[PDB]
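Structure file query.pdb; described as PDB, C-alpha atoms (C1' of nucleotides).
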ATOM      1  CA  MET W   8      10.499  71.534  51.222
ATOM      2  CA  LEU W   9      10.762  71.223  47.449
ATOM      3  CA  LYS W  10      14.328  72.432  47.055
ATOM      4  CA  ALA W  11      17.110  71.932  44.519
ATOM      5  CA  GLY W  12      17.504  68.204  45.079
ATOM      6  CA  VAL W  13      19.105  65.500  42.967
ATOM      7  CA  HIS W  14      16.588  62.676  43.341
ATOM      8  CA  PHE W  15      14.581  62.414  40.136
ATOM      9  CA  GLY W  16      15.208  58.891  38.870
ATOM     10  CA  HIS W  17      17.268  55.700  38.930
ATOM     11  CA  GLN W  18      17.274  54.062  35.478
ATOM     12  CA  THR W  19      14.410  53.228  33.120
ATOM     13  CA  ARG W  20      15.731  49.974  31.689
ATOM     14  CA  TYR W  21      14.278  47.836  34.459
ATOM     15  CA  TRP W  22      12.574  49.710  37.320
ATOM     16  CA  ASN W  23       9.923  48.016  39.478
ATOM     17  CA  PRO W  24       6.427  48.102  38.112
ATOM     18  CA  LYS W  25       5.082  48.304  41.672
ATOM     19  CA  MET W  26       6.837  51.695  41.562
ATOM     20  CA  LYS W  27       4.316  52.938  38.984
ATOM     21  CA  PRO W  28       2.675  55.930  40.837
ATOM     22  CA  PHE W  29       6.083  57.652  40.873
ATOM     23  CA  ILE W  30       7.122  57.782  37.215
ATOM     24  CA  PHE W  31       8.091  60.296  34.587
ATOM     25  CA  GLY W  32      10.006  58.948  31.619
ATOM     26  CA  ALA W  33      12.668  61.420  30.536
ATOM     27  CA  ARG W  34      13.997  61.268  26.980
ATOM     28  CA  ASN W  35      17.481  60.373  28.270
ATOM     29  CA  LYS W  36      16.040  56.878  29.027
ATOM     30  CA  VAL W  37      15.810  57.849  32.702
ATOM     31  CA  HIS W  38      12.858  57.551  35.074
ATOM     32  CA  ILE W  39      11.943  60.705  37.000
ATOM     33  CA  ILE W  40      10.325  60.489  40.430
ATOM     34  CA  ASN W  41       7.340  62.834  40.717
ATOM     35  CA  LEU W  42       8.607  64.911  43.626
ATOM     36  CA  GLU W  43       5.289  66.681  44.249
ATOM     37  CA  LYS W  44       3.996  63.284  45.419
ATOM     38  CA  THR W  45       7.127  62.668  47.513
ATOM     39  CA  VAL W  46       6.794  65.690  49.819
ATOM     40  CA  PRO W  47       3.222  64.794  50.935
ATOM     41  CA  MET W  48       4.664  61.385  51.806
ATOM     42  CA  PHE W  49       8.029  62.654  53.056
ATOM     43  CA  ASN W  50       6.737  64.978  55.781
ATOM     44  CA  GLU W  51       4.207  62.448  57.095
ATOM     45  CA  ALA W  52       7.002  59.968  57.864
ATOM     46  CA  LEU W  53       8.767  62.667  59.867
ATOM     47  CA  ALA W  54       5.366  63.322  61.449
ATOM     48  CA  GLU W  55       5.322  59.651  62.497
ATOM     49  CA  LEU W  56       8.765  60.156  64.039
ATOM     50  CA  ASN W  57       7.565  62.703  66.604
ATOM     51  CA  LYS W  58       4.969  60.085  67.496
ATOM     52  CA  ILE W  59       7.932  57.767  68.152
ATOM     53  CA  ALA W  60      10.755  60.078  69.300
ATOM     54  CA  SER W  61       8.517  61.323  72.137
ATOM     55  CA  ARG W  62       8.250  57.698  73.345
ATOM     56  CA  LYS W  63      11.982  57.924  74.235
ATOM     57  CA  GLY W  64      12.501  55.242  71.620
ATOM     58  CA  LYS W  65      15.510  54.031  69.676
ATOM     59  CA  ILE W  66      15.868  54.982  66.014
ATOM     60  CA  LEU W  67      18.141  52.645  64.055
ATOM     61  CA  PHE W  68      19.587  53.756  60.707
ATOM     62  CA  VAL W  69      20.770  51.224  58.119
ATOM     63  CA  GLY W  70      22.265  51.816  54.700
ATOM     64  CA  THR W  71      25.666  50.999  53.291
ATOM     65  CA  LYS W  72      25.893  51.763  49.517
ATOM     66  CA  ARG W  73      29.674  52.614  49.957
ATOM     67  CA  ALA W  74      28.610  56.278  49.419
ATOM     68  CA  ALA W  75      26.124  56.736  52.277
ATOM     69  CA  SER W  76      28.050  54.427  54.630
ATOM     70  CA  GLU W  77      29.886  57.152  56.555
ATOM     71  CA  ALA W  78      26.973  59.538  55.955
ATOM     72  CA  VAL W  79      24.704  57.695  58.391
ATOM     73  CA  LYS W  80      27.227  57.329  61.212
ATOM     74  CA  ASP W  81      27.882  61.041  61.803
ATOM     75  CA  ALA W  82      24.171  61.807  61.357
ATOM     76  CA  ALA W  83      23.317  59.293  64.091
ATOM     77  CA  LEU W  84      25.900  60.427  66.638
ATOM     78  CA  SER W  85      24.767  63.954  65.854
ATOM     79  CA  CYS W  86      21.776  62.698  67.825
ATOM     80  CA  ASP W  87      21.909  59.947  70.465
ATOM     81  CA  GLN W  88      20.597  57.269  68.081
ATOM     82  CA  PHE W  89      21.999  54.059  66.646
ATOM     83  CA  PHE W  90      23.256  52.899  63.266
ATOM     84  CA  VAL W  91      24.580  50.004  61.212
ATOM     85  CA  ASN W  92      26.737  51.260  58.357
ATOM     86  CA  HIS W  93      29.518  48.913  57.185
ATOM     87  CA  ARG W  94      27.879  45.483  56.855
ATOM     88  CA  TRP W  95      24.532  44.292  58.184
ATOM     89  CA  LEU W  96      24.756  40.961  60.012
ATOM     90  CA  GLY W  97      22.011  38.595  58.909
ATOM     91  CA  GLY W  98      19.934  38.026  62.013
ATOM     92  CA  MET W  99      20.824  40.956  64.242
ATOM     93  CA  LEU W 100      17.143  41.499  65.102
ATOM     94  CA  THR W 101      15.463  38.093  64.759
ATOM     95  CA  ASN W 102      18.490  36.388  66.361
ATOM     96  CA  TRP W 103      19.245  39.073  68.947
ATOM     97  CA  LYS W 104      19.555  36.333  71.597
ATOM     98  CA  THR W 105      22.901  35.447  69.979
ATOM     99  CA  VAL W 106      24.004  38.911  68.767
ATOM    100  CA  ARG W 107      23.641  40.158  72.370
ATOM    101  CA  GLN W 108      26.516  37.800  73.208
ATOM    102  CA  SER W 109      28.589  39.451  70.470
ATOM    103  CA  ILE W 110      28.167  43.069  71.590
ATOM    104  CA  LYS W 111      28.872  41.813  75.105
ATOM    105  CA  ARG W 112      31.986  40.137  73.685
ATOM    106  CA  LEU W 113      33.013  43.485  72.158
ATOM    107  CA  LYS W 114      32.612  45.646  75.261
ATOM    108  CA  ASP W 115      34.197  42.981  77.457
ATOM    109  CA  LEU W 116      37.475  43.514  75.575
ATOM    110  CA  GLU W 117      36.913  47.176  74.748
ATOM    111  CA  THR W 118      37.039  47.427  78.538
ATOM    112  CA  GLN W 119      40.172  45.243  78.459
ATOM    113  CA  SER W 120      42.159  46.660  75.506
ATOM    114  CA  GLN W 121      42.096  50.262  76.754
ATOM    115  CA  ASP W 122      43.713  49.784  80.178
ATOM    116  CA  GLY W 123      44.865  46.263  81.048
ATOM    117  CA  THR W 124      46.141  43.084  79.421
ATOM    118  CA  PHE W 125      46.250  44.212  75.794
ATOM    119  CA  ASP W 126      50.015  43.625  75.755
ATOM    120  CA  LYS W 127      50.498  40.976  78.459
ATOM    121  CA  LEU W 128      50.184  37.817  76.323
ATOM    122  CA  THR W 129      52.453  38.199  73.239
ATOM    123  CA  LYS W 130      52.841  40.565  70.347
ATOM    124  CA  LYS W 131      51.204  37.997  68.057
ATOM    125  CA  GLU W 132      48.112  37.955  70.270
ATOM    126  CA  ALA W 133      48.148  41.751  70.014
ATOM    127  CA  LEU W 134      48.478  41.282  66.243
ATOM    128  CA  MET W 135      45.023  39.656  66.115
ATOM    129  CA  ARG W 136      43.359  40.980  69.280
ATOM    130  CA  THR W 137      43.507  44.429  67.704
ATOM    131  CA  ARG W 138      42.124  42.758  64.564
ATOM    132  CA  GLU W 139      39.068  41.122  66.132
ATOM    133  CA  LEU W 140      37.488  44.212  67.651
ATOM    134  CA  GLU W 141      38.209  46.045  64.387
ATOM    135  CA  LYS W 142      36.192  43.234  62.784
ATOM    136  CA  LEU W 143      33.257  43.642  65.185
ATOM    137  CA  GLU W 144      33.328  47.439  65.621
ATOM    138  CA  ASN W 145      32.481  47.964  61.951
ATOM    139  CA  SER W 146      29.612  45.531  62.257
ATOM    140  CA  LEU W 147      28.097  46.352  65.667
ATOM    141  CA  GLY W 148      29.538  49.735  66.667
ATOM    142  CA  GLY W 149      26.383  51.825  66.548
ATOM    143  CA  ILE W 150      24.273  49.088  68.135
ATOM    144  CA  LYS W 151      26.538  48.085  71.045
ATOM    145  CA  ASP W 152      24.866  50.254  73.703
ATOM    146  CA  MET W 153      21.248  50.008  72.492
ATOM    147  CA  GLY W 154      20.359  46.982  74.611
ATOM    148  CA  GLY W 155      17.100  46.084  72.901
ATOM    149  CA  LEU W 156      15.316  46.096  69.593
ATOM    150  CA  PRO W 157      14.423  49.405  67.895
ATOM    151  CA  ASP W 158      10.893  50.708  67.517
ATOM    152  CA  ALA W 159      11.679  52.265  64.122
ATOM    153  CA  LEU W 160      14.136  51.508  61.337
ATOM    154  CA  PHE W 161      15.419  53.765  58.529
ATOM    155  CA  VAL W 162      16.697  52.249  55.266
ATOM    156  CA  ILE W 163      18.560  54.206  52.571
ATOM    157  CA  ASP W 164      18.219  51.664  49.721
ATOM    158  CA  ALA W 165      15.411  49.127  49.975
ATOM    159  CA  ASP W 166      16.492  46.384  47.556
ATOM    160  CA  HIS W 167      20.103  46.791  48.688
ATOM    161  CA  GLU W 168      19.210  46.193  52.342
ATOM    162  CA  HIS W 169      16.166  43.958  51.852
ATOM    163  CA  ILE W 170      17.605  41.646  54.529
ATOM    164  CA  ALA W 171      17.101  44.417  57.103
ATOM    165  CA  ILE W 172      13.585  45.267  55.876
ATOM    166  CA  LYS W 173      12.340  41.669  56.066
ATOM    167  CA  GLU W 174      13.606  41.218  59.631
ATOM    168  CA  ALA W 175      11.612  44.289  60.616
ATOM    169  CA  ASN W 176       8.502  42.581  59.281
ATOM    170  CA  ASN W 177       8.546  39.282  61.206
ATOM    171  CA  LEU W 178       8.075  41.288  64.387
ATOM    172  CA  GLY W 179       6.201  44.563  64.363
ATOM    173  CA  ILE W 180       9.024  47.072  63.920
ATOM    174  CA  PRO W 181       7.777  49.807  61.544
ATOM    175  CA  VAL W 182      10.405  50.200  58.834
ATOM    176  CA  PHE W 183      10.293  53.330  56.695
ATOM    177  CA  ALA W 184      12.738  53.575  53.864
ATOM    178  CA  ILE W 185      14.152  55.719  51.086
ATOM    179  CA  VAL W 186      13.073  53.577  48.171
ATOM    180  CA  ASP W 187      14.097  53.845  44.537
ATOM    181  CA  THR W 188      12.339  53.142  41.222
ATOM    182  CA  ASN W 189      13.830  49.633  41.133
ATOM    183  CA  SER W 190      13.071  48.955  44.810
ATOM    184  CA  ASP W 191       9.959  47.130  46.006
ATOM    185  CA  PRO W 192       7.624  49.281  48.174
ATOM    186  CA  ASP W 193       5.735  46.460  49.910
ATOM    187  CA  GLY W 194       7.842  45.488  52.930
ATOM    188  CA  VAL W 195       8.235  49.169  53.860
ATOM    189  CA  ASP W 196       5.529  50.741  56.019
ATOM    190  CA  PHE W 197       5.931  54.493  55.358
ATOM    191  CA  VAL W 198       7.343  54.557  51.828
ATOM    192  CA  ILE W 199       9.211  57.695  50.754
ATOM    193  CA  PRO W 200      10.402  57.726  47.113
ATOM    194  CA  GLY W 201      13.791  59.321  46.669
ATOM    195  CA  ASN W 202      17.460  59.049  45.747
ATOM    196  CA  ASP W 203      19.480  56.187  47.228
ATOM    197  CA  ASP W 204      22.938  56.565  45.636
ATOM    198  CA  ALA W 205      23.552  60.336  45.573
ATOM    199  CA  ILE W 206      25.549  62.038  48.314
ATOM    200  CA  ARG W 207      23.913  65.484  48.434
ATOM    201  CA  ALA W 208      20.464  63.912  48.141
ATOM    202  CA  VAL W 209      20.952  61.408  50.964
ATOM    203  CA  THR W 210      22.296  64.147  53.239
ATOM    204  CA  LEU W 211      19.134  66.137  52.526
ATOM    205  CA  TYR W 212      16.933  63.170  53.437
ATOM    206  CA  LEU W 213      18.993  62.139  56.450
ATOM    207  CA  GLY W 214      19.673  65.688  57.615
ATOM    208  CA  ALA W 215      15.909  66.090  57.941
ATOM    209  CA  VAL W 216      15.381  62.970  60.077
ATOM    210  CA  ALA W 217      18.447  63.768  62.190
ATOM    211  CA  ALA W 218      16.911  67.204  62.733
ATOM    212  CA  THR W 219      13.381  66.080  63.606
ATOM    213  CA  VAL W 220      14.383  63.631  66.352
ATOM    214  CA  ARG W 221      16.421  66.067  68.455
ATOM    215  CA  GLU W 222      13.791  68.793  68.147
ATOM    216  CA  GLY W 223      11.209  66.061  68.731
ATOM    217  CA  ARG W 224      12.849  65.184  72.051
ATOM    218  CA  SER W 225      10.836  67.416  74.388
TER     219      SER W 225
ATOM    220  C1'   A C   1      22.677 -10.444  74.811
ATOM    221  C1'   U C   2      27.030  -7.275  76.893
ATOM    222  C1'   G C   3      30.870  -4.248  79.891
ATOM    223  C1'   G C   4      35.965  -3.229  79.542
ATOM    224  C1'   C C   5      39.977  -3.293  76.144
ATOM    225  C1'   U C   6      41.866  -3.370  70.895
ATOM    226  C1'   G C   7      42.239  -3.180  65.459
ATOM    227  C1'   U C   8      40.884  -0.361  61.040
ATOM    228  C1'   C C   9      40.085   3.913  57.461
ATOM    229  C1'   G C  10      43.958   7.469  59.807
ATOM    230  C1'   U C  11      46.936  11.941  62.594
ATOM    231  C1'   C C  12      42.798  11.454  57.457
ATOM    232  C1'   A C  13      40.672  16.895  58.168
ATOM    233  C1'   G C  14      36.845  16.258  59.012
ATOM    234  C1'   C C  15      31.924  15.544  62.342
ATOM    235  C1'   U C  16      28.041  18.284  64.482
ATOM    236  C1'   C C  17      24.898  21.440  67.612
ATOM    237  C1'   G C  18      22.253  25.976  69.596
ATOM    238  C1'   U C  19      19.595  30.137  67.638
ATOM    239  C1'   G C  20      17.883  32.722  63.345
ATOM    240  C1'   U C  21      16.248  32.198  58.301
ATOM    241  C1'   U C  22      14.556  29.484  53.690
ATOM    242  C1'   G C  23      11.283  25.293  52.084
ATOM    243  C1'   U C  24       4.317  22.171  52.394
ATOM    244  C1'   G C  25       8.084  18.748  53.608
ATOM    245  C1'   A C  26      12.427  15.257  53.793
ATOM    246  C1'   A C  27      15.846  19.175  54.749
ATOM    247  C1'   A C  28      19.014  23.419  53.433
ATOM    248  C1'   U C  29      21.981  27.489  55.278
ATOM    249  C1'   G C  30      26.078  27.888  58.652
ATOM    250  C1'   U C  31      30.413  24.090  56.814
ATOM    251  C1'   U C  32      29.302  27.227  50.159
ATOM    252  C1'   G C  33      32.359  31.163  47.468
ATOM    253  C1'   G C  34      37.569  34.191  46.205
ATOM    254  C1'   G C  35      42.553  33.268  48.159
ATOM    255  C1'   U C  36      45.765  30.508  51.432
ATOM    256  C1'   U C  37      47.472  26.375  54.597
ATOM    257  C1'   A C  38      50.420  20.290  56.563
ATOM    258  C1'   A C  39      45.139  21.323  58.644
ATOM    259  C1'   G C  40      37.049  23.352  58.591
ATOM    260  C1'   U C  41      44.746  26.929  58.773
ATOM    261  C1'   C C  42      43.660  31.975  58.488
ATOM    262  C1'   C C  43      41.716  36.227  55.844
ATOM    263  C1'   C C  44      38.061  38.625  52.701
ATOM    264  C1'   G C  45      33.067  38.099  51.120
ATOM    265  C1'   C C  46      28.240  36.307  52.132
ATOM    266  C1'   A C  47      21.037  34.974  55.982
ATOM    267  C1'   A C  48      23.615  33.769  58.725
ATOM    268  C1'   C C  49      25.313  34.689  63.948
ATOM    269  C1'   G C  50      27.834  31.764  67.465
ATOM    270  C1'   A C  51      29.620  27.344  69.831
ATOM    271  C1'   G C  52      31.527  22.223  70.448
ATOM    272  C1'   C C  53      34.640  17.723  69.111
ATOM    273  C1'   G C  54      38.929  17.440  66.042
ATOM    274  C1'   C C  55      43.539  20.739  63.765
ATOM    275  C1'   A C  56      47.347  23.537  66.038
ATOM    276  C1'   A C  57      49.708  24.613  70.759
ATOM    277  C1'   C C  58      50.275  22.635  76.076
ATOM    278  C1'   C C  59      53.679  17.125  77.507
ATOM    279  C1'   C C  60      58.380  13.915  76.674
ATOM    280  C1'   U C  61      62.953  13.341  73.952
ATOM    281  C1'   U C  62      66.785  15.393  70.746
ATOM    282  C1'   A C  63      69.731  19.889  68.646
ATOM    283  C1'   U C  64      72.559  25.220  71.465
ATOM    284  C1'   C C  65      73.889  28.354  75.518
ATOM    285  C1'   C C  66      73.810  30.050  80.645
ATOM    286  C1'   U C  67      73.295  29.321  86.069
ATOM    287  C1'   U C  68      73.594  25.902  90.286
ATOM    288  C1'   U C  69      75.848  21.366  92.082
ATOM    289  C1'   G C  70      81.304  18.284  91.585
ATOM    290  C1'   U C  71      80.580  12.147  93.614
ATOM    291  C1'   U C  72      81.575   6.546  92.520
ATOM    292  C1'   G C  73      82.244  11.073  86.827
ATOM    293  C1'   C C  74      85.954  14.786  84.536
ATOM    294  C1'   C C  75      91.789  16.606  83.695
ATOM    295  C1'   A C  76      93.044  22.412  81.057
ATOM    296  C1'   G C  77      96.935  24.603  83.879
ATOM    297  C1'   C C  78      99.554  22.815  88.074
ATOM    298  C1'   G C  79     103.399  18.913  91.614
ATOM    299  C1'   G C  80     104.720  13.677  92.072
ATOM    300  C1'   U C  81     104.815   9.147  88.874
TER     301        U C  81
END
Using structure tokens, write down the structure that the file contains.
Amino acid sequence: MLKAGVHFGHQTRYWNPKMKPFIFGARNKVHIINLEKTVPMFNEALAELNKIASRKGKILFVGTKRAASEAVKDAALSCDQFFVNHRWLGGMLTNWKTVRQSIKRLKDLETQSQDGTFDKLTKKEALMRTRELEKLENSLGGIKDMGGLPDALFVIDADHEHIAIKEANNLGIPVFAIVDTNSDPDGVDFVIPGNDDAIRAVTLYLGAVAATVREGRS
RNA sequence: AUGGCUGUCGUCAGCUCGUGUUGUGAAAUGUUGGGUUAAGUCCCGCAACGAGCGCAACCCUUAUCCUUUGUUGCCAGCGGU
């Protein structure tokens, strides 16, 4: 769907020479991504999603960037999928035997602090007991009811969330990511070259994948 | 040869483990960093996520008030002396 996008480059001072088949050097010292090679690779990753969304699987979206942080949360609860948006805990997939006891710790007191003994200890306990779920809810809020490990994983910037890509390479979770010209397209399975730090571009990329999973649910 | 008990650094703020990761490995990470605290005290950050022993609080005494009780303790207002 070659439309009026914004993704066309992300600096030419350093790049990533493994990102050589997607290069046009503009005279403003700016790399341009060849978009007519993106859309053969963009639609095939969404074609792999209907292979996976028909399995009644769990799609997990990760990307923070401080610009696409809130953009992935509303585009995941637009569907019934899962997200990590504020900060990605190191070892939330490989060490899920311990992180399971943290999302259980959250919903044990999310059960508690809505009805019962949220005010029956002190005020100074309620000064920090409201603080400790508001520490864990913006680290585990999209993942708290998943109850497993995802069978796909969507990254918005590859070298910014390389910790999440590498954990979905130890075990066979197929990660497919919006990579940039400075990112490294080797840990990603279904590489799609695009824009990682533009708002209207990341809503175009994520509005497509949030569309294709709910129409893919037959 | 030891048990039990005790000194000491020193009431010093430290000492570790599980899992995950990194490294061929001894190991490292966590526990470092930016602040803060009497304190590994707390917060923010961060391939770490958690937990344990300490730290703190819980215990006793002292500092204030109230209630109950009024003797062998007490005397403000009352009578005698």
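The coordinates place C1' of residue 61 in chain C at 29.0 Å from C1' of residue 8 in chain C.
Every residue that the PyMOL selection byres ((chain W) within 8 of (chain C)) selects in this file is listed here: residues 96, 97, 98, 99, 101, 102, 104, 105, 106 and 170 of chain W.
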Print the selection's residues with C-alpha atoms to a file, as a PDB file, in the frame of the given file.
ATOM      1  CA  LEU W  96      24.756  40.961  60.012  1.00  0.00           C
ATOM      2  CA  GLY W  97      22.011  38.595  58.909  1.00  0.00           C
ATOM      3  CA  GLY W  98      19.934  38.026  62.013  1.00  0.00           C
ATOM      4  CA  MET W  99      20.824  40.956  64.242  1.00  0.00           C
ATOM      5  CA  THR W 101      15.463  38.093  64.759  1.00  0.00           C
ATOM      6  CA  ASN W 102      18.490  36.388  66.361  1.00  0.00           C
ATOM      7  CA  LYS W 104      19.555  36.333  71.597  1.00  0.00           C
ATOM      8  CA  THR W 105      22.901  35.447  69.979  1.00  0.00           C
ATOM      9  CA  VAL W 106      24.004  38.911  68.767  1.00  0.00           C
ATOM     10  CA  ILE W 170      17.605  41.646  54.529  1.00  0.00           C
TER      11      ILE W 170
END
Please determine an axis-aligned box that encloses all atoms of range 26-37 of chain C listed in the file, with 8 Å added on each side, and express its centre and edge lengths in Å to one decimal as AutoDock Vina command-line options.
--center_x 29.9 --center_y 24.7 --center_z 52.4 --size_x 51.0 --size_y 34.9 --size_z 28.4
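Distance annotation: of W:197, W:15, W:90, W:161, the residue with the minimal separation from residue 148 in chain W is W:90; atom set is all atoms listed in the file.
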**Item:** Selection near residue 208 in chain W, 6 Å with only C-alpha atoms (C1' of nucleotides), sequence-local residues under 3 positions removed, as a ChimeraX atom specification
**Value:** /W:13,205,211
**Request:** Taking (10.4, 56.1, 70.0) in the file's own coordinates, collect the residues within 12 Å, counting only C-alpha atoms (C1' of nucleotides), and hand them back as a VMD selection string.
**Result:** chain W and resid 55 to 67 88 156 to 160 180 to 181 220 to 221 223 to 224
Residues from last step as file, C-alpha atoms, as a compact mmCIF listing (two decimals), in the coordinates of the input:
# COMPACT_ATOMS: atom_id res chain seq x y z
CA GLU W 55 5.32 59.65 62.50
CA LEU W 56 8.76 60.16 64.04
CA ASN W 57 7.56 62.70 66.60
CA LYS W 58 4.97 60.08 67.50
CA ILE W 59 7.93 57.77 68.15
CA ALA W 60 10.76 60.08 69.30
CA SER W 61 8.52 61.32 72.14
CA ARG W 62 8.25 57.70 73.34
CA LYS W 63 11.98 57.92 74.24
CA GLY W 64 12.50 55.24 71.62
CA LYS W 65 15.51 54.03 69.68
CA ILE W 66 15.87 54.98 66.01
CA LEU W 67 18.14 52.64 64.06
CA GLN W 88 20.60 57.27 68.08
CA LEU W 156 15.32 46.10 69.59
CA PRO W 157 14.42 49.40 67.90
CA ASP W 158 10.89 50.71 67.52
CA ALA W 159 11.68 52.26 64.12
CA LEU W 160 14.14 51.51 61.34
CA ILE W 180 9.02 47.07 63.92
CA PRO W 181 7.78 49.81 61.54
CA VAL W 220 14.38 63.63 66.35
CA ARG W 221 16.42 66.07 68.46
CA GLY W 223 11.21 66.06 68.73
CA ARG W 224 12.85 65.18 72.05
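Across the structure, CA of residue 70 in chain W and CA of residue 142 in chain W are spaced 18.2 Å apart.
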